[PDB]
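Engineer: give me coordinates for this.
(3 chains, ligands or ions: 5)
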Amino acid sequence: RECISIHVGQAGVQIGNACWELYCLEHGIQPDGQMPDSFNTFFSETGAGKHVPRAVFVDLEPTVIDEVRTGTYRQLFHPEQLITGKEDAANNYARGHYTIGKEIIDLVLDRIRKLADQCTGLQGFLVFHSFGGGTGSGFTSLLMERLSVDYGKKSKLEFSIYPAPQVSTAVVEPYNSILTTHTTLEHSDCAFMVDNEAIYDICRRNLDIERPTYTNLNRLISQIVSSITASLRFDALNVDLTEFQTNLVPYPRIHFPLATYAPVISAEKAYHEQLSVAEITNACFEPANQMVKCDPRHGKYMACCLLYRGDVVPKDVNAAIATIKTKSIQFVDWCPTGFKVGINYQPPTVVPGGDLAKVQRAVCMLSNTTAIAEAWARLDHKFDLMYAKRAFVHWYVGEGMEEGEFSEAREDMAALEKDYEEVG
Amino acid sequence: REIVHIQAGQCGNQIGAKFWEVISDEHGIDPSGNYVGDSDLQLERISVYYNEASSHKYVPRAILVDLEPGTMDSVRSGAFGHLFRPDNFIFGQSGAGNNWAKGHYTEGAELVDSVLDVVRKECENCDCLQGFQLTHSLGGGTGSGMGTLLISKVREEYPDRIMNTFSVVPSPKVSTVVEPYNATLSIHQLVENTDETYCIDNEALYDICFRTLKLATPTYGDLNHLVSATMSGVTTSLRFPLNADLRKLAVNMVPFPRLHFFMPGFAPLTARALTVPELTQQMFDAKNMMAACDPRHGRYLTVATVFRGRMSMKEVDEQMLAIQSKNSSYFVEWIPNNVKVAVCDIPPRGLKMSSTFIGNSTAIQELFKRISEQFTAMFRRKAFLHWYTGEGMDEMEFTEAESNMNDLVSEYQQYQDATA
Amino acid sequence: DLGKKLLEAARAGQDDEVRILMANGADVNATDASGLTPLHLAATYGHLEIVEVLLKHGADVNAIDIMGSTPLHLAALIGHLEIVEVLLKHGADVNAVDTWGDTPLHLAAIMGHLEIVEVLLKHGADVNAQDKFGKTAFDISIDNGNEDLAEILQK
Ligand SMILES: Nc1nc2c(ncn2[C@@H]2O[C@H](COP(=O)(O)OP(=O)(O)OP(=O)(O)O)[C@@H](O)[C@H]2O)c(=O)[nH]1
Ligand SMILES: Nc1nc2c(ncn2[C@@H]2O[C@H](COP(=O)(O)OP(=O)(O)O)[C@@H](O)[C@H]2O)c(=O)[nH]1
Ligand SMILES: CC(C)(C)c1[nH]cnc1/C=c1\[nH]c(=O)/c(=C/c2ccccc2)[nH]c1=O
Ligand SMILES: [Mg+2]
Ligand SMILES: [Mg+2]
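Structural biologist: Numbers count the residues shown, from 1 in each chain, chains lettered A, B, ... in the order given. Ligands and ions are numbered 1, 2, ... in the order given. The relevant structure is shown in the block below.
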């Protein structure tokens, strides 16, 4: 039951690097594919013992993927599944979607088909990309449109980097974010947003890093991705991509679960006291541990999954949940108040060059809360400020896009925010 | 990847030769094209400005143009004069005599095809051309008149490429009285045909040397020393690895296509070590601007700053955040997060710490009003118009240039007054 | 017509031809279609010897063209310092106002001819003279940030 991971643009590629770095360590696969199988969902096996990720890396310029081709994992991936153009999208969604992106889209789909043809029962795709980049936004939306046509019954899941000014390199990222969300909403089944500012604060407050790098952010992001995808790579809950939709998305447009992760401990605190199931469960309802800055106390929950990893006894989870039920988290009246629970008994893994301490118990909570609409409103407000003066719009109109798509996208967002308000 | 550099006229070739001197030293290229530098980072982006030749020589991707022959002798006898490709020298034997019409329609138009033949050649050797940078003055005849013709012709042939200019604005402090004519006619072309124009104001350069540097009689070498420092810092982000090309930087700097004229600044200003608070403060100080405009008289649409040297990026973030919040009213509120910062570990020559400011400010209208007022004083009296119309120009071209110029001014004011 | 030829000779700096044309009776105060005289043209194009020759033989130093320009307006605009001095010596009206409300001081200020500014001030240029938009020469110097001009005008 195979899953293909696709990584688009700089953010998507570099987070892909971290994710597969963690995957290999968690499964005992060396950087050359050799291993001294549940993970066959994510790795094919050649007739020589080589375990190869079912993964594609795509960018419109070469320098980020060129590092994959020469780095520690230069022999892990299919070389033909590392695909680059020459001229990037210049932080312009229109270029990623309409002009530059179409020069390479057919090659990317033919290479994905090569992976797909090696699958006996393809479940679908995991797509990693930024909101703010021209490629992460434009080429991802183009790829999703094409994948829905060519793989009509396959699921598509998203890991999407929500922009933050602290590490932002483009004033137009609010445009690209709204444009890509408008054209992707129909084609994505479930999308896990990661707010760069949330990861930034965690690295500063929990890991004691003054100026977090992209490497620091990405090893922390890969830890949350890994806890989310472990059910697909190991043996109960969220066993296939469709089950993500069943458990987390009762309402098809409201498909943006909030991820919360605990504990996050600095590697300098190797001998920290070990937190109990109850303590790490309690930490899932502390806003400091959320992947998106918002306030679930002012929202309503539509679904809630708890994915535990490590030395975790089910009765201790059940007692910890009982506390949570009877102590201001509100569910909507049309879904079960219950909490779905997955337990992976493998100890959580940490990259040797990482900033995290080893922990005996970890948990990632995935909750579909209307409170995440606050993150949409922040982006939409920044969109409105610029578009009211038509600032930067000429760059997009000159690259194969019509100006009416701006307001068509913004009206979709307004309706999405309306969907959150009606449910909440 | 590659940038194609064109320098036209006396000013264009003089500040161009200085640019190539500065960044050759920064990259470890000697006057014979050999790499003699220490750091491997000097070569990572060497191909942006240099072609790697047969015997491993590094040759500037530069084209040298003038209607006056003596300009090529002067550059060639320079320290890096014999490093330029000899066939990239395109010179006439007449000169334009500070006549825009001669540069644009007669003498220059007879020479433009030769320049384009060399442009075409350089572009064919490029793996992935970013675009073009032009150095020239607006107040003469060749750099302004032929330079803008070259811009339009290059625009026609390579429309999907970025065109940036370093354009020297005339001032009576460093001056003939037809320079406002030439500059107005040139600004008219720059508005339509360039993606980014760095406004290098001789009025500002003289003032800096005369009043800040206390140079009693500033020379062109004094003025160009500030120009070579500004051009080095402005191109640092492209010569030492952000993941951003000329187009990515234009997309972030130009909210409206006509308003692409930048005020450049530099700190420290010296003649021939600051802290981070001092770099940040001086960078935004009106006295450090290379355009004679007061930024406190307008509002910033976008700002880029490039810090160079080994410093605390923690401190840089903090200093850049306060200079925004404490001067919050000077940055337009309808472009969120419109001030971007980058740091480069390698400092310029002779300094351990420096910073370069790039402002897209509505206060630039003060420069355009100053030119327009001079243009109008002359044009009202119709002084020396036959000099221009004798080369085939209609008088309507003058009125159209004045009108577009004042339209550009009114556009800046509209966005200066715009509210959220 | 010797008047047309005198106008062209004065514009082009044909000193010998100016003398021959006047010896045949050329009107020293001839006008072209817009009312410019040989003195206006010699003053515009920097031909000092011809300015002095014309003034010596009955040229009106304060003649105005259709736009109200005097020879001093044009000399102050173009920046010919010696000619400004010669015209003031022969009675040029330092405060002549043209049809845009400009005085010689306005034009010298606008074009940055600082030595001429000092000469016009010494000869009584009116620092309060307003153009049609209400600007004095000091307003122009503050509006355009010309500090050197502003302190000259404040002396
Ligand atoms: N967490 C994380 N965020 C990144 C990374 N790289 C970029 N981001 C952000 O992504 C946004 C910029 O998008 P990029 O992914 O670099 O751009 P791109 O997809 O390559 O598109 P173009 O370069 O414009 O062609 C900004 O918000 C960056 O902060 C990364 O490695 N990790
Ligand atoms: N800052 C600076 N300005 C110059 C230089 N050389 C000439 N200029 C200026 O350029 C203008 C004259 O244009 P110029 O380049 O000499 O004539 P061209 O050869 O026809 O392009 C004047 O405003 C001069 O002040 C120089 O080296 N540095
Ligand atoms: C993040 C940072 C500060 C690098 C930035 N963000 C948007 N703009 C810039 C800087 C520039 N923006 C530009 O447009 C630029 C223009 C340029 C570069 C090389 C040669 C000629 C012009 N040079 C720059 O340094
Ligand atoms: Mg990119
Ligand atoms: Mg010249």
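Engineer: now do the phi/psi pair for the residue in the stretch 1-150 of chain B that ligand 3 sits nearest to.
Structural biologist: Proximity of the stretch 1-150 of chain B to ligand 3 (C-beta to the nearest ligand atom) peaks at residue B:133, 4.9 Å away. Using the backbone N, CA and C atoms, a C-beta is placed for each residue, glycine as well. The phi/psi pair for residue B:133 (degrees, to the nearest 10) reads phi -120, psi 130.
Engineer: burial count for residue A:214?
Structural biologist: Residue A:214 has 15 neighbours, counted by other C-beta atoms under 10 Å in any protein chain shown.
Engineer: oh, I was asking about residue C:68
Structural biologist: When neighbours are counted by other C-beta under 10 Å, residue C:68 registers 15.
Engineer: I'd say it and residue C:98 touch.
Structural biologist: Yes - using C-beta atoms under 8 Å, residue C:68 is in contact with residue C:98, at 3.6 Å.
Engineer: so who does the residue of the stretch 1-150 of chain B closest to ligand 3 touch?
Structural biologist: Contact analysis of residue B:133 by C-beta atoms under 8 Å, 6 or more residues apart in numbering or on different chains lists B:3-6, B:164-166.
Engineer: for ligand 2, what are the nearby residues on the stretch 101-250 of chain B?
Structural biologist: For the stretch 101-250 of chain B, the residues in contact with ligand 2 (C-beta under 6 Å from any ligand atom) are B:137, B:139-143, B:168, B:170, B:174, B:179, B:202, B:205, B:220, B:223-224, B:227.
Engineer: residues from chain C in reach of chain B?
Structural biologist: Applying C-beta under 8 Å from any C-beta of the partner chain, we find that chain C lies next to chain B at C:44, C:67, C:69, C:73-74, C:77-79, C:100, C:102, C:107, C:110-113, C:140, C:144-145, C:147-148.
Engineer: do the same with chain A
Structural biologist: The interface of chain A toward chain B, taken as C-beta under 8 Å from any C-beta, is made up of A:10, A:61, A:63-64, A:86-88, A:90-92, A:165-166, A:168-172, A:174, A:210-211, A:382, A:385-386, A:388-392, A:394-395.
Engineer: now, these that are in helices?
Structural biologist: A:10, A:63-64, A:174, A:382, A:385-386, A:394-395 (DSSP state H).
Engineer: any of the residues you listed buried? List them.
Structural biologist: With burial judged by 16 or more other C-beta atoms under 10 Å in any protein chain shown, the buried subset of these is A:10, A:64, A:174, A:382, A:385-386, A:395.
Engineer: the residue in the stretch 201-350 of chain B positioned nearest to ligand 5: what's it in contact with?
Structural biologist: Nearest to ligand 5, among the residues of the stretch 201-350 of chain B, is residue B:220, at 14.1 Å (C-beta to the ion). By C-beta under 8 Å, 6+ apart, the contact set of residue B:220 is residue B:14.
Engineer: same check, this time on residue A:104
Structural biologist: Counting by C-beta under 8 Å, 6+ apart, residue A:104 makes contact with A:58, A:60, A:83, A:85.
Engineer: which one of those residues has the most neighbours?
Structural biologist: Most neighbours among the contacts of residue A:104, by other C-beta under 10 Å: residue A:58, with 29 neighbours.
Engineer: and that residue, that's in a strand?
Structural biologist: Yes - under DSSP: H, G, I helix; E, B strand; the rest coil, residue A:58 falls within a strand.
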